[PDB]
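> partial complex here, more coming in a sec:
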Amino acid sequence: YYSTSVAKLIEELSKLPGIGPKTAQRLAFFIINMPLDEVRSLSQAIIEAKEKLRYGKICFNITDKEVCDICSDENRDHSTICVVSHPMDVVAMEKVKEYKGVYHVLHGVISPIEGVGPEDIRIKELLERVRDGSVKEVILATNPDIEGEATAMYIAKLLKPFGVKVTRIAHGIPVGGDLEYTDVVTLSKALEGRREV
């Protein structure tokens, strides 16, 4: 029943997210049983990743270059910016192997329920990328959560002042889904925004 140096590893493991008490408890032990090196590997990593954390110059992404392989390359149109939230979104998006523009990660979303609001999210710096208006279109592709929508709903308030196209990601019926199992809200959007064949 959890001696010190352990009632903290736990205490601090169970602050990581998707890590319940259960888990911080279970997980902590496996750890004390790993061979020393392994723990030092683990530990170093947790701290090396942080000591070398590279933020993109243009797009605030987390590549290992000062300027991301996406923002470098001269085929990518630095004039359509695709807003997102997470380094991970960016990989998702590039898998559609169709995007031409460049990204702007914000590193989260605006949920006054997790510990956040405009400041902690790279919005301030997004505006400055278009302050000169040498971007034709922003594409705000966060999630269609109340997460995503907050942020988007009004990032697009702020991009009003500038001479830009502020397009939002399309909402509707996923492909390979069918109408019989689709939510009533997904459905009404799908319906009231019908893409005139």
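Received the coordinates, thanks. Numbering: from 1, shown residues only, chains lettered A, B, ... in the order given.

> can you tell me how far the residue nearest to the spatial centre of chain A is from residue A:180?
The centre of chain A sits closest to residue A:86, judged by CA atoms, centre = their mean, with a distance of 1.7 Å. Residue A:86 sits 32 Å away from residue A:180, going by CB to CB, to the nearest Å. (Each C-beta comes from the backbone N, C-alpha and C, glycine too.)

> how about residue A:196?
Taken as CB to CB, the span from residue A:196 to residue A:180 is 24 Å.

> check residue A:172 too.
Residue A:172 is 16 Å from residue A:180, where distance means CB to CB.

> which of those two has more neighbours?
Neighbour tally, residue A:172 and residue A:180, criterion other CB atoms under 10 Å: the higher count belongs to residue A:172, 18 against 5.

> list the contacts for that one?
Counting by CB atoms under 8 Å, 6 or more residues apart in numbering, residue A:172 makes contact with A:186, A:189-190, A:193.

> counting neighbours, which of those residues comes out on top?
Highest neighbour count within these: residue A:190, with 19 neighbours (other CB under 10 Å).

> wait, a helix at that one?
Yes: assessed with DSSP: H, G, I helix; E, B strand; the rest coil, residue A:190 lies in a helix.

> distance of it from residue A:184?
11 Å.

> stretch A:166-185: end-to-end distance?
23 Å (CA to CA, to the nearest Å).

> can you pull the buried residues of it?
Buried residues in stretch A:166-185, defined by neighbour count with 16 or more other CB atoms under 10 Å: A:166, A:168, A:172.

> and of the residues you listed, the nearest to residue A:3?
Nearest to residue A:3 among these is residue A:168, at 53.0 Å by CB to CB.

> could you report the distance from the most far-flung residue of chain A relative to its centre to residue A:12?
Taking CA atoms, centre = their mean, the residue of chain A most remote from its mean C-alpha position is residue A:1, at 38.2 Å. To residue A:12, residue A:1 is 18 Å away according to CB to CB.

> need the contact partners of stretch A:150-157.
A:83, A:85, A:106, A:109-111, A:121, A:123, A:126, A:138, A:140, A:142, A:166, A:168.

> for stretch A:79-95, same thing?
Contact with stretch A:79-95 is made by A:61-62, A:70, A:99-109, A:126, A:129-130, A:134-143, A:148, A:151-152, A:155, as judged by CB under 8 Å, 6+ apart.

> again, 6 Å this time
Residues from elsewhere that reach stretch A:79-95 (CB atoms under 6 Å, 6 or more residues apart in numbering): A:61-62, A:99, A:101-106, A:108-109, A:135-142.

> take those and keep only those in strands.
Within the contacts of stretch A:79-95, residues falling in strands by DSSP state E are A:102-104, A:137-140.

> reformat these as a markdown table; add neighbour count and distance to residue A:36.
A markdown table is the format used below for the ones in strands among the contacts of stretch A:79-95 (neighbours: other CB atoms under 10 Å; distance: CB to CB, whole Å):
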| residue | neighbour count | distance to residue A:36 |
| --- | --- | --- |
| A:102 | 23 | 44 |
| A:103 | 26 | 41 |
| A:104 | 27 | 42 |
| A:137 | 17 | 54 |
| A:138 | 24 | 50 |
| A:139 | 19 | 49 |
| A:140 | 22 | 48 |
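
> chain B goes on too:
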Amino acid sequence: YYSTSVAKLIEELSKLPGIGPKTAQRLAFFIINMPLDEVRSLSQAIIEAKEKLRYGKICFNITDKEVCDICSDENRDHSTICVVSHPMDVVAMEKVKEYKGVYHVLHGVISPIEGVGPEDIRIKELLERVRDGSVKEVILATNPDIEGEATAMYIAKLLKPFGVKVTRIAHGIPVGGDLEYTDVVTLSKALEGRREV
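Just below you will find chain B, in place on the chains above:
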């Protein structure tokens, strides 16, 4: 191992989808413990259901009369016809509680593999409905499936000879979904369908 009257029920039930042998067993005993009269009411509904079933002469939906309780009602908008694949779809779409038009059931999708061609689903009646009626809008609400796509794109060539607005249900991100787990073909459309503001 159970009685023989009961084997049968079990079995018979187990052929209905969504009920496996644990459940085909459970309901078998529940059913046969309720009063005779209730037990007779299922038995009854089950039978009068199938017997009484008919399709409307206009939209080919499943109804009880000659004309869908929808088309029989004359203050819905007979201008806009919401093509849709199956009778259960119309139920979906109707629970959305916004569409004011009328349907046309096709009863299937052009499916070279099933053997079903275009003259095997109520597609012609649709032309007739639209050639002879005064039709403003012919919404296509088939599924985003491969087969369901082909269909809506077949019907839509047919309808350009005529002078009508052929719209399609919007394909995109299912509301309250996430970018990380949405698949690429949905994404590439979410993004390609992007809409201003």
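
> now with chain B: the contacts of stretch A:150-157?
The contact list for stretch A:150-157 (CB atoms under 6 Å, 6 or more residues apart in numbering or on different chains) reads A:109-110, A:140, A:142, A:166.

> repeat that for stretch A:117-132.
In contact with stretch A:117-132 (CB under 6 Å, 6+ apart) are residues A:60, A:104, A:106-108, A:162.

> and chain B, is stretch A:11-23 touching that?
No: Stretch A:11-23 does not reach chain B (CB under 6 Å from any CB of the partner chain); its nearest approach is 13.3 Å.

> rewinding a little: ok, the contacts of stretch A:150-157 vs chain B, which is closest?
When the contacts of stretch A:150-157 are ranked by distance to chain B (CB to the nearest CB), residue A:166 comes first, at 6.5 Å.

> report the contact partners of that closest one.
A:138, A:156, A:159.

> now, which of those residues sits nearest chain B?
For those, the nearest to chain B is residue A:156 (7.2 Å; CB to the nearest CB).

> only alpha carbons, please: show the top helix by length along chain A as PDB.
Counting residues, the longest helix found in chain A (DSSP state H) is helix A:36-51. The C-alpha coordinates for helix A:36-51 follow below in PDB (Å, rounded to 0.1, in the frame of the first residue of the first chain):
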ATOM      1  CA  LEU A  36      17.800   0.100 -14.400                       C
ATOM      2  CA  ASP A  37      18.900   1.200 -17.900                       C
ATOM      3  CA  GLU A  38      15.300   0.900 -19.100                       C
ATOM      4  CA  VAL A  39      14.200   3.300 -16.500                       C
ATOM      5  CA  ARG A  40      17.000   5.600 -17.400                       C
ATOM      6  CA  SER A  41      16.100   5.300 -21.100                       C
ATOM      7  CA  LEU A  42      12.500   5.900 -20.200                       C
ATOM      8  CA  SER A  43      13.500   8.800 -18.100                       C
ATOM      9  CA  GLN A  44      16.000  10.400 -20.500                       C
ATOM     10  CA  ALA A  45      13.600  10.200 -23.400                       C
ATOM     11  CA  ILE A  46      10.900  12.000 -21.400                       C
ATOM     12  CA  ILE A  47      13.400  14.800 -20.900                       C
ATOM     13  CA  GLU A  48      15.400  14.600 -24.200                       C
ATOM     14  CA  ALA A  49      12.200  15.000 -26.200                       C
ATOM     15  CA  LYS A  50      11.600  18.100 -24.200                       C
ATOM     16  CA  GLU A  51      15.100  19.400 -24.300                       C
END
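
> strands of chain A, start to end?
Counting by DSSP E, chain A has strands at residues A:80-83, A:102-104, A:137-140, A:165-168.

> need the ones you listed in CSV (columns: distance to residue B:33).
Shown next, in CSV, are the strands of chain A (distance: least, CB to CB, whole Å):
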stretch, distance to residue B:33
strand A:80-83, 60
strand A:102-104, 62
strand A:137-140, 58
strand A:165-168, 56
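
> circling back to that earlier point, what's the most distant pair in the contacts of stretch A:117-132?
Once CB to CB is applied, those give A:108 and A:162 as the farthest pair, at 23.4 Å.

> who has more neighbours out of the two?
Taking other CB atoms under 10 Å in any protein chain shown, residue A:108 and residue A:162 do not tie; residue A:108 has more neighbours (17 against 14).
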